[PDB]
Amino acid sequence: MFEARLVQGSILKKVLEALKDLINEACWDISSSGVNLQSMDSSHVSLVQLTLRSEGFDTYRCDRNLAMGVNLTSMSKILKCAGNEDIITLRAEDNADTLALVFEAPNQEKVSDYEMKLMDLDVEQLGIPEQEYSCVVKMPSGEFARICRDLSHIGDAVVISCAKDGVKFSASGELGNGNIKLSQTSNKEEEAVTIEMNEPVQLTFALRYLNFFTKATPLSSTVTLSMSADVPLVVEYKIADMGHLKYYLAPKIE
Amino acid sequence: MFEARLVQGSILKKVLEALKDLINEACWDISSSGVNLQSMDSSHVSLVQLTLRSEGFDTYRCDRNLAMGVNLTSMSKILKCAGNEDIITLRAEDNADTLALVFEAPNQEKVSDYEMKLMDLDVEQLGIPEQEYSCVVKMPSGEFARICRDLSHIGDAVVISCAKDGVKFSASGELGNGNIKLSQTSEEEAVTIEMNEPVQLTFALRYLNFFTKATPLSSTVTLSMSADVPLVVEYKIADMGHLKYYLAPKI
Amino acid sequence: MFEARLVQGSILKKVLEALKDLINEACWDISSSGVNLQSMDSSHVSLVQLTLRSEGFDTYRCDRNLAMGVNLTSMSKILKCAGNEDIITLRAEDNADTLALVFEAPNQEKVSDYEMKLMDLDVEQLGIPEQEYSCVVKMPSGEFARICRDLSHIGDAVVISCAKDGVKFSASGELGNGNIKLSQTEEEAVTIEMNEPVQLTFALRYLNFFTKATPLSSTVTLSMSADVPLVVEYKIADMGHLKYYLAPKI
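Protein chains in written order, with this note's numbering: chain A, 68 to 321; chain B, 347 to 597; chain C, 4 to 253.
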C-alpha cells in the first residue's frame with residue numbers, strides 16, 4: 068500500500084501544469100525515499116527529472132516500490148479539480164491498476180475523491196552523470212522566463228555567456244539581433260542574481276525547449292542554470308523544502 | 347406605453363449573459379405584475395423561466411399586456427453598452443415595433459439610449475406544473491459552478507445522489523472516474539438539505555454549465571429533484587424575482 | 004551619429020502599439036527638432052502624424068538628418084522586450100542600415116541591447132495644411148474608446164453631432180440604433196470650443212484603430228469641420244503628440 072498526504076496541494080497542481088505538454092506519458096517511480104519521475108520529451112531532446120522527497124510529505128508510507136504509468140494530460144485535468152489551498156492525498160494498491168487522489172478543502176466541509184486509470188509503460192531510467200559544473204547562475208525565475216520569451220521573437224536559439232561579473236543571453240534572426248545582460252547583485256530581497264564560476268562558458272540552446280521548461284516558474288521564486296562545455300544545461304526549480312524539478316538540455320554542436 | 351426603471355442595471359446585464367447563448371429568440375411577457383420570460387433552448391432540452399416582479403423596479407407602469415419578441419444576441423450586445431452602476435430604463439410606446447433601453451450613469455454626465463427592433467415569434471406557453479419535490483438542496487452558487495466545471499474534465503454526465511448528511515456528485519469517463527461530496531452545515535456559505543425521500547438522478551453537464559452563467563445573480567442556488575421529473579436550478583434575483591432552469595434526467 | 008535617450012521608455016512601447024496594426028511600414032524623420040513620423044495607413048484612408056520634440060528626451064543629439072525605414076511590426080516586437088520602467092535609448096550610426104535600441108532597467112542591473120534591421124522606402128511626404136476648426140471637443144480618452152467600442156455592435160458608421168450643450172454619438176444598423184449624448188462641464192470632464200454646429204459621419208472601423216493610442220493620455224481632442232478630415236489628437240505630454248486624420252463619409 069502507498070499513501071502520501073501533501074498539505075500544499077498546489078505543489079502537485081503546478082508540477083503537472085509544467086509537464087503535461089512536454090511529456091504525454093511517464094512512469095512515476097515511488098519508493099520510501101519518495102516520488103521520482105524521469106523521462107524524455109515526446110521528441111527525445113530534453114530529459115526531465117522530478118524528485119518529491121518523502122520527508123516533504125506530511126504523511127508518507129510506501130511499502131513496496133511502484134512504477135505507475137500515467138498519462139500526464141489525464142492526470143492534469145483531475146488536478147484542476149483540486150483548489151490551490153486543498154490538501155491532497157495520493158494512494159494505491161499493487162494489484163489495482165488505479166491511482167486514487169483525495170482532495171480535502173481548507174473550509175473542511177467538502178471532500179473530492181477521484182480514481183485515475185493507469186497504463187503499462189516501457190520506461191528506462193537513463194544515467195544522469197552527477198557532475199560539477201563550470202558556471203552555476205542562480206537568478207529569479209520570473210526574469211529568466213521574461214528573457215526566454217522575449218528572445219523567442221528575435222531567434223530560435225539563445226547563446227548563454229557566463230563570466231564572473233555576470234551572464235549574457237543573445238539571439239539572432241530575420242529582424243536583427245539582441246543582447247540581454249544581467250550582473251551580480253545584493254548587499255536587495257530575493258530578486259538576486261549570483262554566480263559561482265570556475266571557467267567561462269558559452270553555449271547555444273534551443274529557445275523552443277527553454278520556453279517549455281519555464282512553465283515550472285510558479286514553483287519557485289528562483290531558478291538555477293548550471294553549464295559546462297559539451298554537457299547538458301540543467302535548469303533547476305526548487306520545490307522548496309521537498310525536492311526539485313530539473314530539465315536537461317544539450318547545446319547545439321557548431 | 348410600458349416604462350420600468352431599474353436602479354441596479356447590473357441585474358439586467360447579468361440575466362442576459364445567463365440566457366443569450368442558451369436561447370437566441372424569446373418572447374418577453376410584460377404586465378402589471380412584472381416581467382416574465384418563458385422559453386426552451388435552440389435544441390429543445392432545457393426550459394428557462396424568468397420572473398421580475400413590478401415591486402422590484404424603482405418606477406413601474408404597464409397599460410396593456412405586451413408580448414415583445416427579441417433576438418437575445420442583439421439585446422445582450424446593447425446591454426454591453428451599459429455600465430455596471432448605470433440605471434436602465436426599458437420603454438415601449440404603443441404600436442412602435444421596438445424596445446427602447448435608456449442608460450444613465452451614476453455620476454449622470456453621460457446619457458445613452460437605444461432603439462432595438464422586435465421580431466414575430468411562435469408562442470406556445472408550456473406552463474410546467476408547480477411541483478413539490480423529494481429533495482431540495484440549498485448551497486453556494488459559485489461552489490455549484492466549480493463542481494459542474496470540474497466534472498466536465500472527467501465525463502459527459504453527472505450523477506447527483508442525495509441524503510440527509512450530504513449531497514454527492516459523480517462522473518465517469520475515459521480517463522477514470524470522480525466523486526465530489528458536500529456535507530451539510532450548521533449562514534451565507536451554508537449547505538442545507540430539505541429531504542422528504544432519497545434521490546439519485548443523472549444530468550448532462552453540457553446543460554448545467556449553461557445554467558451556471560447565471561451565477562453572478564446570487565451567492566446561493568437551490569437544486570430541486572424528484573424521480574422521472576425535471577430538475578430545477580433556481581437562482582433567486584433577491585427581493586425582486588427569480589431565474590429557474592428545468593432539465594430532465596437521462597436514459 | 005544620432006542618439007536619443009528617453010527616461011519614460013513606456014511612451015515608445017505605447018506609440019508602437021498604437022501604430023503597428025494601422026501601418027506596416029513607415030519612415031522616421033530624425034532631426035535636431037526631434038523625431039517625426041508622417042504616414043498613410045495600409046488601405047490609404049487615414050493619415051497618422053507623430054511628433055516627439057527633442058526637449059522631451061532627457062538626452063538628444065543629431066549631427067545629420069535621417070530617414071530610417073522601419074517595419075513597425077518588427078519594431079513593436081523588439082519594444083515588447085522592454086519593461087514599462089526601462090530607460091529606452093535610440094541610436095544610429097553615420098550611415099549604417101540598422102537602428103540600435105538600448106533598454107536599461109531603472110535600477111536593477113540589467114541592460115538589454117537590440118539592433119533592428121531597416122529598409123529602403125520611397126514615401127510621399129504630404130504637407131498637412133493647418134486649418135481652423137468649427138468644433139473642438141476635449142473628452143476623456145477612455146470614454147471615446149468605450150464609445151467607438153460600444154457603437155461597433157450597432158453599426159459600421161458613427162455620426163458625431165456637436166452642439167454647445169454637449170456632443171452626441173449615433174449609429175444605425177440591422178439590429179437597431181443607438182445614441183450616446185455627453186454634456187459639458189474633476190477628471191472625466193467634457194468641454195467644447197464651439198464656433199459653428201457640425202454633424203459628420205465616420206467609419207468606426209478606423210476610430211477603433213485610433214483609440215489604441217488611449218494609453219498615451221487621460222484626455223483626447225476631436226477637431227471637426229465640414230469637407231475636411233477629423234483630427235483625433237492624443238498628447239504625449241511634455242514631448243509631443245500622436246494625431247490621426249480621417250476624412251468623413253457621404
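No residue lacks a Cβ here, since even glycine has one placed at the ideal position from N, Cα and C.
Between the alpha carbons of residue i and residue j, how many angstroms are there, rounded?
| i | j | result |
| --- | --- | --- |
| residue 381 of chain B | residue 590 of chain B | 14 Å |
| residue 446 of chain B | residue 153 of chain C | 16 Å |
| residue 235 of chain A | residue 250 of chain A | 9 Å |
| residue 112 of chain A | residue 231 of chain A | 30 Å |
| residue 73 of chain A | residue 85 of chain A | 18 Å |
| residue 87 of chain C | residue 11 of chain C | 8 Å |
| residue 401 of chain B | residue 77 of chain C | 59 Å |
| residue 155 of chain C | residue 163 of chain C | 14 Å |
| residue 370 of chain B | residue 29 of chain C | 45 Å |
| residue 236 of chain C | residue 204 of chain C | 18 Å |
| residue 24 of chain C | residue 7 of chain C | 25 Å |
| residue 151 of chain C | residue 174 of chain C | 10 Å |
| residue 129 of chain C | residue 219 of chain C | 25 Å |
| residue 163 of chain A | residue 196 of chain A | 35 Å |
| residue 412 of chain B | residue 53 of chain C | 55 Å |
| residue 240 of chain A | residue 288 of chain A | 31 Å |
| residue 256 of chain A | residue 311 of chain A | 22 Å |
| residue 206 of chain C | residue 41 of chain C | 21 Å |
| residue 393 of chain B | residue 374 of chain B | 15 Å |
| residue 196 of chain C | residue 252 of chain A | 55 Å |
| residue 305 of chain A | residue 175 of chain A | 29 Å |
| residue 169 of chain A | residue 60 of chain C | 60 Å |
| residue 93 of chain C | residue 169 of chain C | 43 Å |
| residue 109 of chain C | residue 234 of chain C | 35 Å |
| residue 424 of chain B | residue 444 of chain B | 13 Å |
| residue 128 of chain A | residue 149 of chain A | 22 Å |
Are the CB atoms of residue i and residue j nearer to each other than 8 Å?
| i | j | result |
| --- | --- | --- |
| residue 465 of chain B | residue 438 of chain B | no |
| residue 83 of chain C | residue 248 of chain A | no |
| residue 361 of chain B | residue 477 of chain B | no |
| residue 224 of chain A | residue 268 of chain A | no |
| residue 561 of chain B | residue 491 of chain B | yes |
| residue 399 of chain B | residue 379 of chain B | yes |
| residue 450 of chain B | residue 432 of chain B | yes |
| residue 359 of chain B | residue 179 of chain C | no |
| residue 79 of chain C | residue 246 of chain A | no |
| residue 108 of chain A | residue 68 of chain A | no |
| residue 266 of chain A | residue 201 of chain A | yes |
| residue 155 of chain A | residue 309 of chain A | no |
What residues match up with residue i in a beta bridge as DSSP calls it?
| i | result |
| --- | --- |
| residue 445 of chain B | B/462 |
| residue 515 of chain B | B/506 and B/526 |
| residue 437 of chain B | B/349 and B/446 |
| residue 56 of chain C | C/37 |
| residue 64 of chain C | C/6 |
| residue 29 of chain C | C/73 |
| residue 249 of chain C | C/49 and C/233 |
| residue 546 of chain B | B/507 |
| residue 143 of chain C | C/222 |
| residue 306 of chain A | A/310 |
| residue 138 of chain C | C/227 |
| residue 456 of chain B | C/185 |
| residue 540 of chain B | B/482 |
Does any heavy atom of the ligand FMN sit closer than 7 Å to the C-beta of residue i?
| i | result |
| --- | --- |
| residue 143 of chain C | The ligand FMN is not among the ligands present in this structure, which contains no ligands whatsoever. |
Please list the residues of the stretch 168 to 187 of chain A that have a C-beta atom closer than 7 Å to any C-beta atom in chain B, keeping them in chain order.
Answer in chain order: 176, 177, 178, 179, 180, 181, 182, 183 and 184.
May I ask you to list, following chain order, the residues of the stretch 230 to 253 of chain A that have a beta carbon less than 7 Å from some beta carbon of chain C?
Within the stretch 230 to 253 of chain A, 242, 243, 244, 245, 246, 247, 248, 249, 250 and 252 place their CB atoms closer than 7 Å to a CB of chain C, listed in sequence order.
Please name the residues in the stretch 83 to 96 of chain C whose beta-carbon is closer than 8 Å to at least one beta-carbon of chain A, in chain order.
The residues in question are 83 and 84.
Do the stretch 303 to 320 of chain A and the stretch 278 to 289 of chain A meet, that is, are 3 or more Cβ pairs less than 8 Å apart?
Counting Cβ pairs under 8 Å, three or more are found: they touch.
Below 8 Å, can you find three or more Cβ-Cβ pairs linking the stretch 218 to 229 of chain C to the stretch 139 to 150 of chain C?
Using a Cβ-Cβ distance cut-off of 8 Å, the stretch 218 to 229 of chain C and the stretch 139 to 150 of chain C are in contact, since at least three pairs of beta carbons, one from each stretch, lie closer than that value.
Report the residues of the stretch 210 to 223 of chain A with a CB closer than 7 Å to any CB of chain C, ordered along the chain.
The residues in question are 217 and 220.
May I ask you to list, following chain order, the residues of the stretch 555 to 586 of chain B that have a beta carbon less than 9 Å from some beta carbon of chain A?
For the stretch 555 to 586 of chain B, the set of residues with a beta-carbon nearer than 9 Å to any beta-carbon of chain A is empty.
Chain A contacts from the stretch 531 to 546 of chain B (Cβ-Cβ distance under 8 Å)
Correct list: 531, 535 and 537.
Please identify, using Cβ separations under 8 Å, the residues of the stretch 127 to 148 of chain A that lie next to chain B, in order along the chain.
Within the stretch 127 to 148 of chain A, the residues whose Cβ lies closer than 8 Å to some Cβ of chain B are 138, 141, 144, 145, 147 and 148, listed in chain order.
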